[PDB]
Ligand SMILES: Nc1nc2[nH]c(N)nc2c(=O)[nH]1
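Okay, so here's just one chain, in structure tokens, the form solved without the named molecule.
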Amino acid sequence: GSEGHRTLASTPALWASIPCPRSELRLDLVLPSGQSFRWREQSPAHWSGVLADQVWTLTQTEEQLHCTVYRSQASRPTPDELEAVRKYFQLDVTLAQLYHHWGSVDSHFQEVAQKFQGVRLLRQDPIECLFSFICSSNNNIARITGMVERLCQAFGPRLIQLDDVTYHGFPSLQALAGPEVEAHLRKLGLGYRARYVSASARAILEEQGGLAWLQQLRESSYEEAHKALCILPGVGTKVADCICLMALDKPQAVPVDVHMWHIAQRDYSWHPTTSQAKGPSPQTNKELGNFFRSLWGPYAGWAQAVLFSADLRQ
């Protein structure tokens, strides 16, 4: 009863509400591995994970976002705690407003977007996002989720246990920088990315000024930020964009990959013009990214998320 993951039905007195229409947010479209890889629908329509260093379970109704915290006497979330939720979902950004603009300038978005309202971007932690996406390169979402999970089990701070699940917070730079971590990661299956995680941790900590460095990029320019990020091992343009776009408040960053070429090509008949080659290449990927930035504007990245959600569901 008071054990296991909670539910809106089962322990009512424990949930608080955040005004939020399913049109402005769709948990089933945002939390599935892709932006973050740490949320799990442990119970239908109920997603659990670590948010702001505590475990929560989120579920929604047609006009309400219900939340629940596990921290020591159990109680519905406090108001401030709920804010952390709004900050994470960047609720002050109005999806209706953004969708309208994109629709206005792009008939195809206009079409496709209808069935997939409520796709926004999570404001993630630089560290987690950096390393989560270092694991994403030349890989698929299934393995990535697995890799990230093992990584957090083995190196992240132990949080609280629900049923047979012991939550962990994302590892720290120090942790990831520790000795013999690479051999450890290799044993978890991150393959060659094992070294990348190990090296980027040490690199940040011993060559760029530590944690503060990343935290400074939130204030720098996308151009600068993306630039700086590329230094780290296993971090190219793509991963650099993911980080800028999902944790460094750079909403115009557009992560270009084979996925995107497919969309650019079959939905816009897009061709590289000022570039050289006909297929994917550093110059051509740079172009594809510019194409969408001028087509969608300042929040191009957010827009891309919408097409990706609608696409995969087909």
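Start at 1 and count along the sequence shown; that's the residue number. Heads up, when I say rigid core I mean the largest set of C-alphas that superpose within 1.5 Å between the two forms.
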- prompt: Following superposition on the rigid core, is the mean squared CA displacement, expressed as RMS, greater for 48 to 56 or for 22 to 30 in 4 other deposited structures of this protein?
  reply: 48 to 56
message: Once everything is fitted on the core, do the CA positions of 91 to 99 or those of 140 to 148 lie farther from the shown form in 4 other deposited structures of this protein?
response: 140 to 148
field: Count class of deposited residues lacking coordinates, residue 87 to residue 88
entry: none
- request: Averaging only over Cα atoms, indicate whether 259 to 267 or 275 to 283 has the higher B-factor in the PDB entry.
  value: 275 to 283
- request: Can you let me know which of the two, 13 to 21 or 294 to 302, has the higher average C-alpha B-factor in the entry?
  value: 13 to 21
message: Take the CA temperature factors straight from the PDB entry and tell me which of 228, 122, 239, 129 peaks.
response: 228
field: Maximum C-alpha temperature factor, selected from 106, 219, 164, 149
entry: 219
task: Comparing against every modelled residue in the chain, figure out the third that the C-alpha B-factor of residue 156 lands in (lowest, middle or highest).
output: lowest
query: With respect to C-alpha B-factor, does residue 177 fall in the lowest, middle or highest third of the chain as deposited?
result: lowest
Modelled-residue ranking by C-alpha temperature factor, third containing residue 249: middle
- request: Check where residue 99 lands among this chain's C-alpha B-factors and tell me if it's the lowest, middle or highest third.
  value: middle
- request: Determine, from the deposited record, the chain-internal third of the Cα B-factor for residue 213: lowest, middle or highest.
  value: highest
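Keep in mind the form deposited with the named molecule bound is missing from the figure; the text below concerns it.
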task: Please overlay the site onto where the named molecule binds in the deposited complex and tell me whether the pocket on the shown chain stays open or is blocked (3 or more ligand atoms within 2.4 angstroms of backbone or C-beta atoms).
output: open
Residue 170, heavy atom within 4.5 angstroms of the named molecule in the deposited complex: no
query: Is there a non-hydrogen atom of residue 289 within 4.5 angstroms of a non-hydrogen atom of the named molecule in the deposited complex?
result: no
task: Although the named molecule is absent from this view, report whether residue 257 comes within 4.5 Å of it in the deposited complex, heavy atoms only.
output: yes
query: Would residue 101 count as a contact of the named molecule in the deposited complex, using a 4.5 angstroms cut-off between non-hydrogen atoms?
result: no
- prompt: Within 4.5 Å of the named molecule in the deposited complex: all of 19, 26 and 95, by heavy atom?
  reply: no
task: Look at the stretches 34 to 42, 281 to 289, 62 to 70, 48 to 56 and give the one with heavy atoms within 4.5 Å of the named molecule in the deposited complex.
output: 34 to 42
message: Considering non-hydrogen atoms and a 4.5 Å limit, which listed residue (109, 89, 133, 155) is close to the named molecule in the deposited complex?
response: 133
Contact residue in the deposited complex, chosen from 76, 202, 184, 238 - any heavy atom within 4.5 Å of the named molecule: 238
query: Within 292 to 313, which residues come within 4.5 Å of the named molecule in the deposited complex, counting heavy atoms only?
result: 304, 308
